[PDB]
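Undergrad: I need the structure of the sequence given here:
(chains A, B, C, D, E, F, G and H)
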Amino acid sequence: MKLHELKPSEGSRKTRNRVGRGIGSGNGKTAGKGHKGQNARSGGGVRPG
Amino acid sequence: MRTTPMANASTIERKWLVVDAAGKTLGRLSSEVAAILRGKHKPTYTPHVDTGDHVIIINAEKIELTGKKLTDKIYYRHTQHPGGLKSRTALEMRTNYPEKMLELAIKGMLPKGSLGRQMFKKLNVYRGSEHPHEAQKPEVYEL
Amino acid sequence: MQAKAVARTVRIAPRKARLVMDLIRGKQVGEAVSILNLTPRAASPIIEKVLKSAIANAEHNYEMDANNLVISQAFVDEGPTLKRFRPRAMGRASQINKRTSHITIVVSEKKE
Amino acid sequence: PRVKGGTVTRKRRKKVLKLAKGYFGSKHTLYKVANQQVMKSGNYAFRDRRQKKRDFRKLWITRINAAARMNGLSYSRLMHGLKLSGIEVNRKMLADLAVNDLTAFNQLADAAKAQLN
Amino acid sequence: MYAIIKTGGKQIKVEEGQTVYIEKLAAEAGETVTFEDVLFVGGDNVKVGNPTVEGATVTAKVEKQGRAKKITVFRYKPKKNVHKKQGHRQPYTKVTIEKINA
RNA sequence: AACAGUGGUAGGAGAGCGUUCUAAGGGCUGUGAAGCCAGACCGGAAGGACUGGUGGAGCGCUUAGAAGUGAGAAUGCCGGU
RNA sequence: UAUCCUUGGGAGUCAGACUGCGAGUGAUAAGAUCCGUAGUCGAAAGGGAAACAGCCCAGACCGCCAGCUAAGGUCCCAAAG
RNA sequence: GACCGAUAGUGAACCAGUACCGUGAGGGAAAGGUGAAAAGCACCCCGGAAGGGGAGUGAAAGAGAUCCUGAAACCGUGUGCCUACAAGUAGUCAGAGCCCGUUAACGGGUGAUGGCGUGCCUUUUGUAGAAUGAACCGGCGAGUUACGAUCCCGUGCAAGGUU
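TA: Numbering: from 1, shown residues only, chains lettered A, B, ... in the order given. Next comes the structure:
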């Protein structure tokens, strides 16, 4: 309804974005990190590919 | 809570005690003396900061460690002398320079670094078999 | 009551200049001026003259008296390293500097 | 919309240097060095927090031991008679009272004689 | 009268007119708590040495709840990137004795 | 209430805090806004705000949505030293 | 009973390390070189072994100037017959 | 324009394709602010000369000619505490003296010396290191958006939905 109560019902409040800004509050420190010797690289920074 | 009583004040005033050393071993004796030099002879805050008390050996020329125990005594220092590591024994301290056995055996039982060397100063060795330290009122005591 | 002073456009390093400034402190103007005047360097008569002229003004306009004044405080503080070229060899392009200083001085009356 | 994240930097950096009070040297005047000391301070803190409680125990035991010798007994048989009587243990902290108060010291000696080696 | 009483896991020395810092209790302000767990008397009395004496009963007048100031605890794990922090402050009580009833 | 507790990397799962912005219900300001600097700031678990001084013309809480979104190190980048 | 069973949605990991127990390699020596078992560490502080994550003590989000054991002691200092 | 706001953005916010560099094709910078209004310092004093030093200006002169707000590094100045027999990757924790004086917890300051001790990021099982980068401080800057696909979860119909 109202413009001061836009309030999505989870049609855009489903949300939750995985962290990466944190250094280890949640999961991970930065993108492209794991525990392998191929980390901190643009290519080979993926496990699954 | 974490409130706590103390008993440091009562027992520390830099009092003066004598301890016999005339015909005495000054090894097994010295151990009990060391306790009192750090300040501890009654309830006292003493594993941590506090000034000690004066305890004075009365003699230094009749220190015999008795039997074979004497001969194989260990002493060390590591100086800026060209030989570095000097090692000596009670037996040869008895054969001239008799003052040094009582000194390094009571310094050793007080180290903490800075504060340890303070407590050491309150020791006077003498050698006349009497004290001229009657000016500070000593009395016989052991732990 | 108090007189300010500053010097501009001189050759002297800050580190160097701090010495003379702090040393003239607690001392009369009449003594301080004399010192600076006969201190060696070409900047000497310049830093002297400006400091001296600050005194002059102080009397006529702000009702102070030269003879009575001492030096409350003075100091010299780090400023920019002034690159004015001097050759430095090995084919290299570098300057040995000719720095300038920011001289702060607070004169004042000891007797009003 | 966008945001620099750049107004934020002076807030984060300034705080570290301003939380260092009573620190020594030039390690609290330089940002990148001050950081490393925050890590130190927290690690040290927690270890010593627990260590200290053992050090106070290794202080009280000493006090008792000294008092005990002057009753003709020693700490082993002193503490034994205290605990076996029931109370008169009085922790170890509060048994510093054997210097200060004579009346207390007498009772802790009576309690000692009750059960001995 | 001289007395010593139990404050949970610890003990405190207590006379007939002294404030004492104690553990947290629900009570505050002007309330009344009692310490009939008085387990030593000895300063003008004699005890040896059943737990608790019935010749004394310390009585306390609860005098406000204060707090022990916040003290940041922290464990850094270097090159493992953990930085879990915690702070202890918490409420605590203070009580004032003024009478050790017989 | 009573019972029990184990809170750490790769990750999974759960909440929140700051920063800029647009939105509609609202409110301060030159009688001093935003900002600058200190403070023993009451209140956090942590990320986090309520006071005084300076300052000199505009500012933002809630309810929601957005992103170059919180630094620092990259033989990183620009300035001062 | 954070015991098993089944399906769906995201994993990460191929370089582990050291010790006790048991087999093989060796010049039958070498945290040497290969592993079955258990363990710790990796991925948890901390306790003891003078000075050591890996044996031995134990799994601690956080405070207590409280008491009890282990390892380790009681003559003193870096506590105690 | 649910674009950017002075180290961000066009190479270029400004007397910039300038300055500067290459014989040449061509590469290529840094730089905003006194006020609403110049009323931009009358009046005065001193210096060889640059400048200032008092005073006035005007609401405001930390608005006085790098003049807005003006930090931090850097370099000084005043003050409270503290040490001339002491051992240290610099803190942590305990007492203790002296000093000071909280808005509220009824409060703040220091180090005399005890106990205790492996830089940040790497690279890994593990670097505190004598393999890595970083003199220092400030700013600046990377988990961004779209379109297929598959689950999620919020909705519409309900054997029909859908342009």
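
Undergrad: In what element of secondary structure is residue D:78 found?
TA: Take DSSP states H and E as the rule and residue D:78 turns out to sit in helix D:75-85.

Undergrad: Establish whether that helix and chain B are in contact.
TA: No. Helix D:75-85 stays clear of chain B (CB under 8 Å from any CB of the partner chain), getting no nearer than 11.8 Å. Yep, even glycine has a C-beta here, placed from its N, CA and C like the rest.

Undergrad: what packs against the very next helix or strand once past that helix?
TA: Beyond helix D:75-85 on the C-terminal side, the first helix or strand identified by DSSP H and E is helix D:97-100. Using 3 or more CB pairs under 8 Å, 6 or more residues apart in numbering or on different chains; DSSP states H and E as the contact criterion, the secondary-structure elements in contact with helix D:97-100 are helix B:8-11, helix D:36-69, helix D:102-113.

Undergrad: want to throw those helices into JSON lines with mean neighbour count and distance to RNA strand H?
TA: Rendered in JSON lines, the data for the helices and strands packed on helix D:97-100 read as follows (neighbours: other CB atoms under 10 Å in any protein chain shown; distance: least, CB to the nearest atom of the strand, whole Å):
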{"stretch": "helix B:8-11", "mean neighbour count": "16", "distance to RNA strand H": "6"}
{"stretch": "helix D:36-69", "mean neighbour count": "15", "distance to RNA strand H": "4"}
{"stretch": "helix D:102-113", "mean neighbour count": "20", "distance to RNA strand H": "20"}
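
Undergrad: can you tell me which residues contact residue B:23?
TA: Remark: with contacts taken as CB atoms under 8 Å, 6 or more residues apart in numbering or on different chains, residue B:23 is in contact with B:62, B:64.

Undergrad: For it, which three-state class applies?
TA: Per DSSP: H, G, I helix; E, B strand; the rest coil, the secondary structure class of residue B:23 is coil.

Undergrad: Count the residues that sit near residue 12.
TA: Going with chain A. Residue A:12: 8 surrounding residues under other CB atoms under 10 Å in any protein chain shown.

Undergrad: nope, chain E please
TA: If you count neighbours by other CB under 10 Å, residue E:12 ends up with 24.

Undergrad: now the residue nearest to residue B:65 when sequence neighbours are not counted: how far from residue B:99?
TA: Sequence neighbours aside, residue B:90 is the residue nearest to residue B:65 in space, at 5.2 Å (criterion: CB to CB, 6 or more residues apart in numbering or on different chains). Taking CB to CB, to the nearest Å as the measure, residue B:90 falls 13 Å from residue B:99.

Undergrad: More neighbours: which of those two?
TA: When neighbours are counted by other CB under 10 Å, residue B:90 comes out ahead of the other of residue B:90 and residue B:99, with 23 against 13.

Undergrad: The longest helix along chain C near RNA strand H at all?
TA: As assigned by DSSP state H, the longest helix anywhere in chain C is helix C:44-62. Yes. Remark: helix C:44-62 sits within contact range of RNA strand H at C:45-46, C:49-50, C:52-54, C:56-58, C:60-62, by CB under 7 Å from any atom of the strand.

Undergrad: among those, which ones are buried?
TA: Buried members of the residues of helix C:44-62 next to RNA strand H, counted by 16 or more other CB atoms under 10 Å in any protein chain shown: C:46, C:50, C:52, C:54, C:58.

Undergrad: Please report the distance of whichever residue of chain E sits closest to RNA strand H from residue C:108.
TA: Scanning chain E for the residue nearest RNA strand H gives residue E:66, at 2.2 Å (criterion: CB to the nearest atom of the strand). Residue E:66 sits 51 Å away from residue C:108, taking CB to CB as the criterion.

Undergrad: hey, where'd the strands end up in chain C?
TA: If you assign secondary structure with DSSP state E, the strands in chain C sit at C:2-5, C:69-77, C:102-109.

Undergrad: thinking again about what came up before, now the longest helix of chain C against strand C:69-77, angle please.
TA: 130 degrees (axes from the mean of the first three to the mean of the last three CA atoms, to 10 degrees).

Undergrad: between helix C:44-62 and strand C:102-109, what angle do the directions make?
TA: Computed by the same axes, to 10 degrees, the angle separating helix C:44-62 from strand C:102-109 equals 40 degrees.

Undergrad: which residues are in contact with helix C:44-62?
TA: Counting contacts by CB under 8 Å, 6+ apart, the residues outside helix C:44-62 that touch it are C:1, C:3-10, C:12, C:29, C:32-33, C:36-38, C:64-66, C:69, C:103, C:105, C:107.

Undergrad: The longest helix anywhere in chain B near RNA strand G anywhere?
TA: Longest helix of chain B, by residue count under DSSP H: helix B:28-37. Yes. Remark: helix B:28-37 sits within contact range of RNA strand G at B:28, B:31, B:32, B:34, B:35, by CB under 7 Å from any atom of the strand.

Undergrad: Packing partners of the helix or strand that comes right after that helix?
TA: Proceeding C-terminally, helix B:28-37 gives way to strand B:54-57 as the next helix or strand, assigned by DSSP H and E. For strand B:54-57, the contact count by 3+ CB pairs under 8 Å, 6+ apart identifies strand B:16-19, helix B:28-37 as packing neighbours.

Undergrad: Determine whether any part of the first one lies close to RNA strand G.
TA: Right, strand B:16-19. No. Using CB under 7 Å from any atom of the strand, strand B:16-19 stays clear of RNA strand G, coming no nearer than 13.0 Å.

Undergrad: Need the residues that contact that strand.
TA: For strand B:16-19, the external contacting residues (CB under 8 Å, 6+ apart) are B:29, B:33, B:36, B:53-58, B:131, B:133, B:136-142.

Undergrad: Mind giving me the PyMOL command for buried ones among the residues you listed?
TA: When burial is assessed using 16+ other CB under 10 Å, the buried subset of these is captured in PyMOL by this command:
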select buried, chain B and resi 29+33+36+53+54+55+56+57+58+131+138+141
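
Undergrad: Phi, psi for the residue lying farthest from the centre of chain E please.
TA: The outermost residue of chain E, judged by C-alpha distance from the chain's mean C-alpha position using CA atoms, centre = their mean, is residue E:79 at 42.6 Å. Backbone geometry at residue E:79, expressed as degrees, to the nearest 10, gives phi 60, psi 40.

Undergrad: quick one: it from residue A:24, how far?
TA: Applying CB to CB, the value for residue E:79 to residue A:24 is 11 Å.

Undergrad: same check, this time on residue C:31
TA: When distances are taken as CB to CB, residue C:31 and residue A:24 turn out to be 67 Å apart.

Undergrad: what does residue D:62 give?
TA: In this structure, residue D:62 and residue A:24 are separated by 44 Å, where distance is defined by CB to CB.

Undergrad: Then residue E:40?
TA: 52 Å.

Undergrad: Just want to know which of the two has more residues nearby.
TA: For residue E:40 versus residue A:24, the count of surrounding residues by other CB under 10 Å is larger for residue E:40: 28 against 14.

Undergrad: Now do the contacts for the closest residue to the more buried one other than its chain neighbours.
TA: Spatial nearest neighbour of residue E:40, chain neighbours left out: residue E:4 (4.1 Å); criterion: CB to CB, 6+ apart. Contacts for residue E:4 were tallied using CB under 8 Å, 6+ apart; they are D:90, D:94, E:11, E:12, E:13, E:14, E:38, E:39, E:40, E:42.

Undergrad: By neighbours, which of the residues you listed wins?
TA: Across the contacts of residue E:4, neighbour numbers were computed from other CB under 10 Å; residue E:40 holds the maximum, 28 neighbours.

Undergrad: Quickly note the distance from the residue nearest to residue B:65 to RNA strand F.
TA: Computed as CB to the nearest atom of the strand, to the nearest Å, the residue B:90 to RNA strand F distance reads 55 Å.
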